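work_17.txt, holding compact mmCIF, C-alpha atoms and all ligand atoms:
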# COMPACT_ATOMS: atom_id res chain seq x y z
CA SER A 82 19.31 92.94 71.32
CA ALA A 83 15.99 92.31 73.06
CA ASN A 84 13.95 94.42 70.63
CA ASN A 85 14.38 93.48 66.98
CA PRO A 86 12.28 96.01 65.01
CA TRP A 87 11.07 93.33 62.58
CA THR A 88 9.86 90.65 65.00
CA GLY A 89 6.07 90.46 65.13
CA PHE A 90 5.57 92.76 62.13
CA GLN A 91 4.51 92.27 58.52
CA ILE A 92 6.70 94.22 56.10
CA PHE A 93 4.73 96.45 53.73
CA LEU A 94 5.72 95.64 50.14
CA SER A 95 6.59 98.67 48.00
CA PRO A 96 3.87 99.15 45.34
CA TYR A 97 6.26 101.29 43.29
CA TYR A 98 8.80 98.47 43.09
CA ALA A 99 5.96 96.00 42.59
CA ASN A 100 4.78 97.99 39.56
CA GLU A 101 8.31 98.23 38.16
CA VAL A 102 8.74 94.48 38.64
CA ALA A 103 5.37 93.70 37.05
CA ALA A 104 6.17 95.84 34.00
CA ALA A 105 9.64 94.28 33.80
CA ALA A 106 8.47 90.68 34.16
CA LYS A 107 5.94 90.86 31.33
CA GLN A 108 8.79 91.84 28.95
CA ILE A 109 10.93 88.84 29.91
CA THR A 110 10.32 86.46 27.03
CA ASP A 111 11.36 83.14 28.57
CA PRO A 112 8.22 82.12 30.51
CA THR A 113 10.07 80.35 33.33
CA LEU A 114 12.29 83.36 33.95
CA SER A 115 9.31 85.73 33.70
CA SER A 116 7.53 83.90 36.53
CA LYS A 117 10.63 84.05 38.74
CA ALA A 118 10.98 87.75 37.95
CA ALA A 119 7.35 88.42 38.87
CA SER A 120 7.92 86.83 42.28
CA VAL A 121 10.45 89.55 43.14
CA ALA A 122 7.51 91.88 43.84
CA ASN A 123 6.82 89.74 46.94
CA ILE A 124 10.29 90.40 48.41
CA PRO A 125 10.44 93.41 50.77
CA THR A 126 12.64 96.35 49.79
CA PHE A 127 13.35 99.83 51.12
CA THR A 128 11.68 102.93 49.62
CA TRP A 129 14.21 105.67 48.88
CA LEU A 130 13.03 109.15 49.86
CA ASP A 131 15.59 110.71 47.53
CA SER A 132 13.66 114.00 47.11
CA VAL A 133 10.77 115.97 48.62
CA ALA A 134 8.75 114.73 45.65
CA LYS A 135 8.84 111.23 47.19
CA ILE A 136 7.20 112.34 50.46
CA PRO A 137 3.59 112.09 49.20
CA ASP A 138 4.38 108.47 48.28
CA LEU A 139 5.50 107.86 51.89
CA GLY A 140 2.14 109.12 53.10
CA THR A 141 0.30 106.72 50.82
CA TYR A 142 2.43 103.78 51.98
CA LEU A 143 1.83 104.50 55.67
CA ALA A 144 -1.93 104.76 55.12
CA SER A 145 -2.03 101.65 52.94
CA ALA A 146 0.03 99.65 55.43
CA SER A 147 -2.32 100.70 58.23
CA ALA A 148 -5.35 99.41 56.31
CA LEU A 149 -3.63 96.18 55.24
CA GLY A 150 -2.77 95.49 58.87
CA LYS A 151 -6.35 95.96 60.01
CA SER A 152 -7.60 93.74 57.15
CA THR A 153 -5.20 90.90 58.04
CA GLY A 154 -4.83 91.28 61.83
CA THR A 155 -1.14 92.16 61.44
CA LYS A 156 1.05 95.04 62.64
CA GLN A 157 2.74 96.59 59.63
CA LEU A 158 6.24 97.98 59.05
CA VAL A 159 7.34 100.43 56.33
CA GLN A 160 11.01 100.53 55.27
CA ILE A 161 12.50 103.85 54.11
CA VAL A 162 15.82 105.44 53.20
CA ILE A 163 16.47 109.06 54.16
CA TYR A 164 18.62 110.26 51.24
CA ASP A 165 18.51 113.99 50.51
CA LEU A 166 21.50 115.69 52.14
CA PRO A 167 22.65 119.02 50.72
CA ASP A 168 25.71 118.47 48.54
CA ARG A 169 24.76 114.78 48.55
CA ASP A 170 27.38 112.17 47.58
CA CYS A 171 30.30 114.53 48.07
CA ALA A 172 33.00 112.18 46.72
CA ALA A 173 31.10 111.16 43.58
CA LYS A 174 32.30 112.51 40.24
CA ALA A 175 29.03 114.35 39.51
CA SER A 176 26.63 116.31 41.69
CA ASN A 177 23.15 114.97 42.36
CA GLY A 178 20.29 115.80 44.68
CA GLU A 179 17.97 118.76 44.90
CA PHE A 180 19.68 120.59 47.79
CA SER A 181 22.95 122.50 47.92
CA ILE A 182 24.84 123.87 50.91
CA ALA A 183 25.15 127.20 49.06
CA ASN A 184 21.36 127.62 48.67
CA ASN A 185 20.08 127.27 52.26
CA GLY A 186 20.78 123.54 52.28
CA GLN A 187 20.41 123.09 56.04
CA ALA A 188 17.01 124.79 56.26
CA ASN A 189 15.77 122.98 53.16
CA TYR A 190 16.88 119.58 54.46
CA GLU A 191 15.29 120.31 57.84
CA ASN A 192 12.03 121.08 56.06
CA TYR A 193 12.34 117.77 54.15
CA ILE A 194 12.69 115.95 57.49
CA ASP A 195 9.79 117.97 58.94
CA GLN A 196 7.54 116.90 56.07
CA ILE A 197 8.50 113.25 56.62
CA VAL A 198 7.86 113.52 60.37
CA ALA A 199 4.49 115.16 59.68
CA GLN A 200 3.46 112.11 57.63
CA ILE A 201 4.77 109.53 60.11
CA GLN A 202 3.03 111.32 63.02
CA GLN A 203 -0.36 110.59 61.48
CA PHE A 204 0.00 106.78 61.41
CA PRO A 205 1.12 105.63 64.86
CA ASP A 206 -0.09 102.06 64.31
CA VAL A 207 2.54 101.59 61.56
CA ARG A 208 6.17 100.92 62.47
CA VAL A 209 8.88 102.63 60.40
CA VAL A 210 12.49 101.53 59.93
CA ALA A 211 14.80 104.08 58.30
CA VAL A 212 18.30 103.84 56.88
CA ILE A 213 19.91 107.24 57.44
CA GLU A 214 21.79 108.84 54.51
CA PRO A 215 23.81 106.32 52.50
CA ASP A 216 27.10 107.67 51.17
CA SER A 217 27.36 110.43 53.83
CA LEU A 218 29.10 109.84 57.18
CA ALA A 219 31.43 107.24 55.69
CA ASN A 220 32.89 109.99 53.47
CA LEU A 221 33.76 111.94 56.62
CA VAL A 222 35.97 109.05 57.78
CA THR A 223 38.12 108.37 54.72
CA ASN A 224 37.42 111.18 52.24
CA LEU A 225 38.14 114.49 53.97
CA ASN A 226 40.87 115.01 51.35
CA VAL A 227 37.99 115.38 48.86
CA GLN A 228 37.35 119.13 49.04
CA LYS A 229 33.60 118.81 48.48
CA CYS A 230 33.46 116.44 51.45
CA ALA A 231 35.60 118.66 53.69
CA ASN A 232 33.33 121.58 52.86
CA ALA A 233 30.21 119.45 53.47
CA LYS A 234 31.33 118.02 56.82
CA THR A 235 29.52 120.41 59.15
CA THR A 236 26.35 120.26 57.03
CA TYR A 237 26.33 116.46 56.87
CA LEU A 238 26.76 116.25 60.64
CA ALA A 239 24.11 118.87 61.39
CA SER A 240 21.62 117.46 58.91
CA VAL A 241 22.06 113.83 59.98
CA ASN A 242 21.70 115.03 63.58
CA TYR A 243 18.44 116.79 62.72
CA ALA A 244 17.10 113.66 61.04
CA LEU A 245 18.02 111.39 63.96
CA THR A 246 16.73 113.82 66.59
CA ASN A 247 13.38 114.48 64.89
CA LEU A 248 12.61 111.00 63.55
CA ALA A 249 13.20 109.67 67.07
CA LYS A 250 10.32 111.89 68.29
CA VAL A 251 7.93 109.80 66.17
CA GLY A 252 9.45 106.48 67.20
CA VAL A 253 11.25 105.58 63.95
CA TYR A 254 13.80 102.78 64.31
CA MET A 255 17.00 104.00 62.68
CA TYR A 256 20.18 102.50 61.27
CA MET A 257 22.83 105.00 60.17
CA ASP A 258 24.57 104.11 56.94
CA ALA A 259 28.07 102.82 57.65
CA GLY A 260 29.56 101.96 54.27
CA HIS A 261 30.83 98.41 53.82
CA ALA A 262 33.78 96.17 54.63
CA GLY A 263 35.89 97.61 51.82
CA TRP A 264 35.25 101.17 52.95
CA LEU A 265 35.15 101.38 56.77
CA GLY A 266 36.03 97.73 57.49
CA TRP A 267 39.73 98.13 56.80
CA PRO A 268 41.20 97.64 60.30
CA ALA A 269 42.75 101.12 60.30
CA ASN A 270 39.38 102.75 59.52
CA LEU A 271 37.45 101.00 62.31
CA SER A 272 38.40 103.31 65.16
CA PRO A 273 37.92 106.63 63.31
CA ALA A 274 34.57 105.28 62.11
CA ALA A 275 33.51 104.24 65.62
CA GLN A 276 34.55 107.64 66.96
CA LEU A 277 32.46 109.45 64.35
CA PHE A 278 29.35 107.28 64.74
CA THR A 279 29.52 107.53 68.54
CA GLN A 280 29.75 111.33 68.38
CA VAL A 281 26.72 111.41 66.06
CA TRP A 282 24.81 109.13 68.45
CA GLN A 283 25.77 111.38 71.40
CA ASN A 284 24.65 114.55 69.63
CA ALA A 285 21.23 113.02 68.93
CA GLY A 286 20.79 112.21 72.60
CA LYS A 287 21.63 108.50 72.55
CA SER A 288 17.98 107.79 71.68
CA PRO A 289 17.11 104.07 71.98
CA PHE A 290 15.49 104.41 68.54
CA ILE A 291 19.00 104.83 67.08
CA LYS A 292 19.50 101.08 66.89
CA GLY A 293 22.81 100.96 65.06
CA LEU A 294 24.21 100.85 61.55
CA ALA A 295 23.37 99.65 58.04
CA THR A 296 26.09 98.13 55.87
CA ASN A 297 26.60 97.18 52.22
CA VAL A 298 23.76 99.50 51.15
CA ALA A 299 23.60 99.56 47.35
CA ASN A 300 26.77 97.44 47.25
CA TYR A 301 27.69 93.85 46.37
CA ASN A 302 29.78 92.39 49.20
CA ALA A 303 29.14 88.99 50.70
CA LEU A 304 27.80 88.78 54.21
CA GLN A 305 29.84 85.59 54.73
CA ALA A 306 32.08 84.79 51.77
CA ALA A 307 33.06 81.22 50.95
CA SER A 308 36.56 82.55 50.14
CA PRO A 309 37.85 86.12 49.88
CA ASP A 310 37.04 88.02 46.71
CA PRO A 311 40.37 89.01 45.08
CA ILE A 312 39.34 92.69 45.33
CA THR A 313 39.80 92.43 49.11
CA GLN A 314 43.55 91.73 49.21
CA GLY A 315 45.18 93.52 52.12
CA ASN A 316 41.97 93.71 54.19
CA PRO A 317 41.38 90.84 56.65
CA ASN A 318 37.75 92.01 56.86
CA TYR A 319 36.81 90.70 53.42
CA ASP A 320 33.06 90.41 54.00
CA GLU A 321 30.36 92.15 56.00
CA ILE A 322 30.39 89.70 58.92
CA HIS A 323 34.09 90.35 59.50
CA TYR A 324 33.49 94.12 59.36
CA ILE A 325 30.55 93.98 61.77
CA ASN A 326 32.31 91.66 64.22
CA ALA A 327 35.23 94.10 64.34
CA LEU A 328 33.24 97.36 64.61
CA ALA A 329 30.47 96.36 67.03
CA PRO A 330 32.66 96.06 70.18
CA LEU A 331 34.07 99.54 69.59
CA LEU A 332 30.53 100.96 69.71
CA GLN A 333 29.64 98.82 72.74
CA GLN A 334 32.56 100.35 74.67
CA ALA A 335 31.00 103.80 74.17
CA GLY A 336 27.76 102.64 75.80
CA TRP A 337 25.99 101.97 72.48
CA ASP A 338 25.20 98.27 72.17
CA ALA A 339 24.56 98.77 68.51
CA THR A 340 22.97 96.30 66.12
CA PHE A 341 23.18 96.13 62.35
CA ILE A 342 21.31 95.49 59.14
CA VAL A 343 23.06 94.31 55.97
CA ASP A 344 21.94 94.82 52.37
CA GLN A 345 22.21 91.59 50.36
CA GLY A 346 19.87 92.56 47.52
CA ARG A 347 22.62 92.39 44.89
CA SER A 348 25.09 90.05 46.61
CA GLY A 349 24.13 86.75 44.97
CA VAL A 350 27.20 86.73 42.73
CA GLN A 351 30.65 87.34 44.20
CA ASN A 352 33.96 87.90 42.39
CA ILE A 353 32.49 90.22 39.74
CA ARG A 354 34.61 93.34 40.31
CA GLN A 355 38.05 94.47 39.19
CA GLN A 356 38.55 96.93 42.05
CA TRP A 357 36.64 97.02 45.32
CA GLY A 358 35.61 100.64 44.85
CA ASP A 359 33.82 99.94 41.55
CA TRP A 360 30.22 100.58 42.57
CA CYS A 361 28.16 101.41 39.46
CA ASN A 362 25.87 98.89 37.72
CA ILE A 363 28.35 96.04 38.18
CA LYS A 364 27.87 93.49 35.41
CA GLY A 365 26.66 90.01 36.32
CA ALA A 366 25.20 90.89 39.70
CA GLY A 367 22.49 88.59 41.02
CA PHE A 368 19.81 88.92 43.65
CA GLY A 369 21.15 87.66 46.98
CA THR A 370 19.92 86.24 50.28
CA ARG A 371 16.29 87.16 50.87
CA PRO A 372 15.50 89.49 53.79
CA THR A 373 15.37 87.63 57.10
CA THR A 374 16.05 88.09 60.80
CA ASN A 375 17.88 84.72 60.66
CA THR A 376 21.18 86.51 60.30
CA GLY A 377 23.81 84.21 61.80
CA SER A 378 25.11 86.92 64.17
CA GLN A 379 24.37 88.38 67.59
CA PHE A 380 25.01 91.80 66.04
CA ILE A 381 22.69 91.64 63.01
CA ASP A 382 18.96 92.30 63.35
CA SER A 383 18.17 91.62 59.68
CA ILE A 384 19.46 90.86 56.25
CA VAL A 385 17.61 93.40 54.09
CA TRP A 386 17.21 94.54 50.48
CA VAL A 387 17.91 98.26 50.78
CA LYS A 388 18.75 99.18 47.17
CA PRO A 389 15.95 97.74 44.98
CA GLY A 390 17.54 95.86 42.09
CA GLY A 391 16.82 96.98 38.53
CA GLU A 392 16.94 100.77 38.97
CA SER A 393 20.05 102.17 37.27
CA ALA A 394 22.65 103.89 39.43
CA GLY A 395 24.02 106.10 36.65
CA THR A 396 24.26 106.54 32.91
CA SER A 397 27.21 105.22 30.93
CA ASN A 398 26.70 108.09 28.44
CA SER A 399 29.74 110.35 28.78
CA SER A 400 27.74 113.28 27.32
CA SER A 401 25.16 113.37 30.12
CA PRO A 402 25.40 116.28 32.58
CA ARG A 403 24.95 113.68 35.34
CA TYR A 404 27.70 111.39 34.03
CA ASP A 405 29.95 109.62 36.55
CA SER A 406 32.79 107.81 34.79
CA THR A 407 32.60 104.97 37.33
CA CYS A 408 29.52 103.95 35.32
CA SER A 409 31.53 103.22 32.15
CA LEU A 410 34.30 101.06 33.68
CA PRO A 411 35.01 97.61 32.17
CA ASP A 412 33.03 95.96 35.00
CA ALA A 413 29.98 98.24 34.59
CA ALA A 414 27.05 97.03 32.50
CA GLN A 415 26.73 99.22 29.39
CA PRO A 416 24.88 100.86 27.82
CA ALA A 417 23.19 102.00 31.03
CA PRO A 418 20.41 104.60 31.34
CA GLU A 419 20.21 107.58 33.69
CA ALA A 420 20.23 107.06 37.45
CA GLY A 421 16.81 106.13 38.79
CA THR A 422 15.43 104.91 35.47
CA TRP A 423 14.63 101.25 34.99
CA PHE A 424 17.46 99.12 33.56
CA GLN A 425 15.62 96.14 32.11
CA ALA A 426 18.61 94.06 31.00
CA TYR A 427 20.26 94.49 34.40
CA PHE A 428 17.08 93.36 36.14
CA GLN A 429 16.76 90.30 33.93
CA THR A 430 20.32 89.27 34.83
CA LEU A 431 19.68 89.93 38.53
CA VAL A 432 16.83 87.40 38.25
CA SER A 433 18.74 84.88 36.13
CA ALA A 434 21.78 85.00 38.43
CA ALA A 435 19.86 85.01 41.74
CA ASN A 436 21.51 83.01 44.49
CA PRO A 437 19.65 81.37 46.11
CA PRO A 438 17.54 80.91 42.93
CA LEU A 439 14.16 82.58 42.73
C1 LIG B 1 23.86 111.11 25.64
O1 LIG B 1 23.87 112.51 26.24
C2 LIG B 1 23.41 113.57 25.33
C3 LIG B 1 23.19 114.84 26.12
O2 LIG B 1 23.10 114.54 27.49
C4 LIG B 1 22.12 113.20 24.60
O3 LIG B 1 21.80 114.22 23.65
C5 LIG B 1 22.29 111.88 23.90
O4 LIG B 1 21.07 111.56 23.19
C6 LIG B 1 22.58 110.82 24.90
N1 LIG B 1 22.68 109.47 24.23
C7 LIG B 1 22.12 108.28 24.89
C8 LIG B 1 22.22 106.92 24.22
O5 LIG B 1 21.58 108.39 25.94

Translate the structure of the given file into structure tokens.
Amino acid sequence: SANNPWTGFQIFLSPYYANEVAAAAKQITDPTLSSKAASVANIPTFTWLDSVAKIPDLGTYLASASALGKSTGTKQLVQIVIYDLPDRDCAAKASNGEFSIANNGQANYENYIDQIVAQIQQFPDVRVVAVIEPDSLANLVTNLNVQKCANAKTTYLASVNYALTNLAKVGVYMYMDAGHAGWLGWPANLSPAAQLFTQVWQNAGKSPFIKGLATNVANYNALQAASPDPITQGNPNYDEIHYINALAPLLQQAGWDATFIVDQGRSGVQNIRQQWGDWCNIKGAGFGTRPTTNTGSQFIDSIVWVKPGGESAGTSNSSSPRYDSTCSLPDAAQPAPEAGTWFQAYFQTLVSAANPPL
């Protein structure tokens, strides 16, 4: 499109990830690998607003970015993920997230959005790009047979609508999460997905700030695979570029000339999964293509690193109350610590296996 949110802006580097990376790199004993690892702190990532507790951090990042821009003559851009739906991650094998539909979820989520808007409102010289609710709307395409998802459907739609509608009022550029090629990219899932995303876009007023969709968030697919990963058999859309090429025209027909961003943060190593749906701490993953607006496609505004690599996605301990058995599969790195905590060995392999090399 004419207006790529990233062009002309300097991406604010997460200091939280930078601190995690610095602490991680000093523990890497091989000096050559340690230096490569340290350099990861210079690669832009998205900040996940996974709870209300993260909102004060957002405020600090907006204010810091504003000052860095003035000190360097640049216009700054802060990258965030909105990730706090009630009954979050409805198809996952364990509940997570501070809000529940049964305890005033809608009002509490609205207040979470309101607090985010109240921060963003104060820093108009900083641009914000937001990924809207990973692991939400895609479940409403393929997973309505999952009772928790069926029961969450109206809340997910209302809450995502509230986020889109209110973040647009402060000029946030938004990409709704849209799963990945092995989820919504199956040819038979394209049209139901397009229908859902278009209805969501319509309900939020077709705001021009709703730029399009984010794909492969927190996943491992290739953008453009050299050859199809065996996990993809049966799906002609075996990588993200095939998925995006197939979905984009369906959105265009609705009057939404949508554009896309694609996570490649953990896509450096292909052919590492037994089944396509295996999502947790996949062993042997490497950092992938660095963020860039040189995307190879009319439809793609940026390759991005949405999920920061090194933070565990779930414990492998089957005794944890938060245990999801996906995290103990033969292709999951084990032992793995609780979700959100640093996973040092996984990070070191992400660095070692980076492609292109760090
Ligand atoms: C596994 O889970 C139980 C309870 O959640 C805990 O007591 C135990 O120490 C955990 N073991 C590891 C290695 O995390």

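When only C-alpha atoms are used to measure the gap to residue 212 in chain A, the shortest distance among A:136, A:298, A:265, A:124 belongs to A:298.
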
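For the choices A:405, A:321, A:392, A:131, the atom-to-atom distance to residue 175 in chain A is smallest for A:405 when using all atoms listed in the file.
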
Enclose the full set of atoms of range 209-214 of chain A listed in the file within a box whose edges lie along x, y and z, apply 8 Å of padding to each of the six sides, and report centre and edge lengths in Å to one decimal as lines of an AutoDock Vina configuration file.
center_x = 15.3
center_y = 105.2
center_z = 57.5
size_x = 28.9
size_y = 23.3
size_z = 21.9

Range 253-273 of chain A residues near range 222-225 of chain A within 10 Å, closest pair each, using only C-alpha atoms, as JSON lines:
{"residue": "A:264", "atom": "CA", "partner": "A:223", "partner_atom": "CA", "distance": 8.0}
{"residue": "A:265", "atom": "CA", "partner": "A:222", "partner_atom": "CA", "distance": 7.8}
{"residue": "A:270", "atom": "CA", "partner": "A:222", "partner_atom": "CA", "distance": 7.4}
{"residue": "A:271", "atom": "CA", "partner": "A:222", "partner_atom": "CA", "distance": 9.4}
{"residue": "A:272", "atom": "CA", "partner": "A:222", "partner_atom": "CA", "distance": 9.7}
{"residue": "A:273", "atom": "CA", "partner": "A:222", "partner_atom": "CA", "distance": 6.3}

Each chain A residue no farther than 10 Å from ligand LIG 1 (chain B), nearest pair in Å, only C-alpha atoms and all ligand atoms, as JSON lines:
{"residue": "A:396", "atom": "CA", "partner": "B:LIG1", "partner_atom": "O5", "distance": 7.7}
{"residue": "A:397", "atom": "CA", "partner": "B:LIG1", "partner_atom": "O5", "distance": 8.2}
{"residue": "A:398", "atom": "CA", "partner": "B:LIG1", "partner_atom": "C1", "distance": 5.0}
{"residue": "A:399", "atom": "CA", "partner": "B:LIG1", "partner_atom": "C1", "distance": 6.7}
{"residue": "A:400", "atom": "CA", "partner": "B:LIG1", "partner_atom": "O1", "distance": 4.1}
{"residue": "A:401", "atom": "CA", "partner": "B:LIG1", "partner_atom": "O2", "distance": 3.5}
{"residue": "A:402", "atom": "CA", "partner": "B:LIG1", "partner_atom": "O2", "distance": 5.9}
{"residue": "A:403", "atom": "CA", "partner": "B:LIG1", "partner_atom": "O2", "distance": 8.1}
{"residue": "A:404", "atom": "CA", "partner": "B:LIG1", "partner_atom": "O2", "distance": 8.6}
{"residue": "A:416", "atom": "CA", "partner": "B:LIG1", "partner_atom": "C8", "distance": 7.5}
{"residue": "A:417", "atom": "CA", "partner": "B:LIG1", "partner_atom": "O5", "distance": 8.3}
{"residue": "A:418", "atom": "CA", "partner": "B:LIG1", "partner_atom": "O5", "distance": 6.7}
{"residue": "A:419", "atom": "CA", "partner": "B:LIG1", "partner_atom": "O5", "distance": 7.9}

Enumerate, in order of chain and increasing residue number, the residues of range 338-438 of chain A with an atom no farther than 10 Å from range 142-162 of chain A, each with its shortest atom pair and distance in Å to one decimal, counting all atoms listed in the file, as JSON lines.
{"residue": "A:385", "atom": "CA", "partner": "A:160", "partner_atom": "CA", "distance": 9.8}
{"residue": "A:386", "atom": "CA", "partner": "A:160", "partner_atom": "CA", "distance": 9.9}
{"residue": "A:387", "atom": "CA", "partner": "A:162", "partner_atom": "CA", "distance": 7.9}
{"residue": "A:388", "atom": "CA", "partner": "A:162", "partner_atom": "CA", "distance": 9.2}

key: From A:409, A:428, A:171, A:87, residue lying nearest residue 226 in chain A [only C-alpha atoms]   =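 Residue with the minimum atom-to-atom distance to residue 226 in chain A: A:171.
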
Using all atoms listed in the file, what table do you get, as a Markdown table, when you list each residue of range 93-165 of chain A with an atom no more than 12 Å from range 233-242 of chain A, its nearest pair of atoms, and their distance in Å rounded to one decimal, rows by chain then rising number?
| residue | atom | partner | partner_atom | distance |
| --- | --- | --- | --- | --- |
| A:163 | CA | A:241 | CA | 9.4 |
| A:164 | CA | A:241 | CA | 10.0 |
| A:165 | CA | A:240 | CA | 9.6 |

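Straight-line separation from CA of residue 319 in chain A to CA of residue 262 in chain A: 6.4 Å.
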
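Straight-line separation from CA of residue 427 in chain A to CA of residue 347 in chain A: 11.0 Å.
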
query = Hey, which of A:370, A:318, A:383, A:433 ends up closest to residue 343 in chain A? Count all atoms listed in the file.
reply =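 Once distances to residue 343 in chain A are computed over all atoms listed in the file, the minimum belongs to A:383.
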
request  = Figure out the distance between CA of residue 277 in chain A and CA of residue 231 in chain A, please, to one decimal in Å.
outcome  = 14.4 Å

task = Write out as number ranges by chain each polymer residue whose atoms come within 7 Å of residue 216 in chain A, counting only C-alpha atoms; drop sequence neighbours fewer than 3 positions from it.
result = A: 170, 219-220, 260

ask   = A:354, A:229, A:174, A:208: which is nearest residue 411 in chain A, counting only C-alpha atoms?
value = A:354

If we count only C-alpha atoms and set the cut-off at 7 Å, which residues sit around residue 182 in chain A, ignoring sequence neighbours fewer than 5 positions away in its own chain? Please answer as a PDB file with C-alpha atoms, in the coordinates of the input.
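That gives us result-v4.pdb:
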ATOM      1  CA  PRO A 167      22.650 119.020  50.720  1.00  0.00           C
ATOM      2  CA  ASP A 168      25.710 118.470  48.540  1.00  0.00           C
ATOM      3  CA  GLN A 187      20.410 123.090  56.040  1.00  0.00           C
TER       4      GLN A 187
END

request  = Return the single residue from A:393, A:351, A:302, A:113 that is closest to residue 425 in chain A, with distances computed using only C-alpha atoms.
outcome  =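 Counting only C-alpha atoms, the residue closest to residue 425 in chain A is A:393.
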
request  = Please tell me which residues are no farther than 9 Å from (17.7, 108.4, 44.4) in the file, counting all atoms listed in the file, and write them as JSON, numbers by chain.
outcome  = {"A": [129, 130, 131, 132, 164, 165, 177, 178, 394, 420, 421]}

Repair of range 399-411 of chain A at the level of N, CA and C atoms, as a PDB file, in the frame of the given file:
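Result file is rebuild-v1.pdb:
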ATOM      1  N   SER A 399      28.790 109.333  28.337  1.00  0.00           N
ATOM      2  CA  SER A 399      29.740 110.350  28.780  1.00  0.00           C
ATOM      3  C   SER A 399      29.327 111.771  28.417  1.00  0.00           C
ATOM      4  N   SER A 400      28.240 111.952  27.663  1.00  0.00           N
ATOM      5  CA  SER A 400      27.740 113.280  27.320  1.00  0.00           C
ATOM      6  C   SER A 400      26.669 113.782  28.277  1.00  0.00           C
ATOM      7  N   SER A 401      26.194 112.943  29.189  1.00  0.00           N
ATOM      8  CA  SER A 401      25.160 113.370  30.120  1.00  0.00           C
ATOM      9  C   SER A 401      25.727 114.368  31.119  1.00  0.00           C
ATOM     10  N   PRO A 402      24.955 115.390  31.496  1.00  0.00           N
ATOM     11  CA  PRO A 402      25.400 116.280  32.580  1.00  0.00           C
ATOM     12  C   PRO A 402      25.560 115.574  33.908  1.00  0.00           C
ATOM     13  N   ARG A 403      24.884 114.441  34.103  1.00  0.00           N
ATOM     14  CA  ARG A 403      24.950 113.680  35.340  1.00  0.00           C
ATOM     15  C   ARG A 403      25.928 112.511  35.260  1.00  0.00           C
ATOM     16  N   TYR A 404      26.836 112.531  34.288  1.00  0.00           N
ATOM     17  CA  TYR A 404      27.700 111.390  34.030  1.00  0.00           C
ATOM     18  C   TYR A 404      28.773 111.250  35.105  1.00  0.00           C
ATOM     19  N   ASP A 405      28.885 110.040  35.647  1.00  0.00           N
ATOM     20  CA  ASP A 405      29.950 109.620  36.550  1.00  0.00           C
ATOM     21  C   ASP A 405      30.713 108.520  35.838  1.00  0.00           C
ATOM     22  N   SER A 406      32.005 108.747  35.589  1.00  0.00           N
ATOM     23  CA  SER A 406      32.790 107.810  34.790  1.00  0.00           C
ATOM     24  C   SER A 406      32.915 106.429  35.419  1.00  0.00           C
ATOM     25  N   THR A 407      32.659 106.296  36.726  1.00  0.00           N
ATOM     26  CA  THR A 407      32.600 104.970  37.330  1.00  0.00           C
ATOM     27  C   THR A 407      31.625 104.076  36.576  1.00  0.00           C
ATOM     28  N   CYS A 408      30.589 104.674  35.989  1.00  0.00           N
ATOM     29  CA  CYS A 408      29.520 103.950  35.320  1.00  0.00           C
ATOM     30  C   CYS A 408      29.869 103.518  33.899  1.00  0.00           C
ATOM     31  N   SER A 409      31.097 103.759  33.432  1.00  0.00           N
ATOM     32  CA  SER A 409      31.530 103.220  32.150  1.00  0.00           C
ATOM     33  C   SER A 409      32.769 102.332  32.260  1.00  0.00           C
ATOM     34  N   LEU A 410      33.152 101.934  33.476  1.00  0.00           N
ATOM     35  CA  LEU A 410      34.300 101.060  33.680  1.00  0.00           C
ATOM     36  C   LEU A 410      34.072  99.688  33.047  1.00  0.00           C
ATOM     37  N   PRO A 411      35.155  98.938  32.798  1.00  0.00           N
ATOM     38  CA  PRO A 411      35.010  97.610  32.170  1.00  0.00           C
ATOM     39  C   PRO A 411      34.108  96.653  32.924  1.00  0.00           C
TER      40      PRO A 411
END
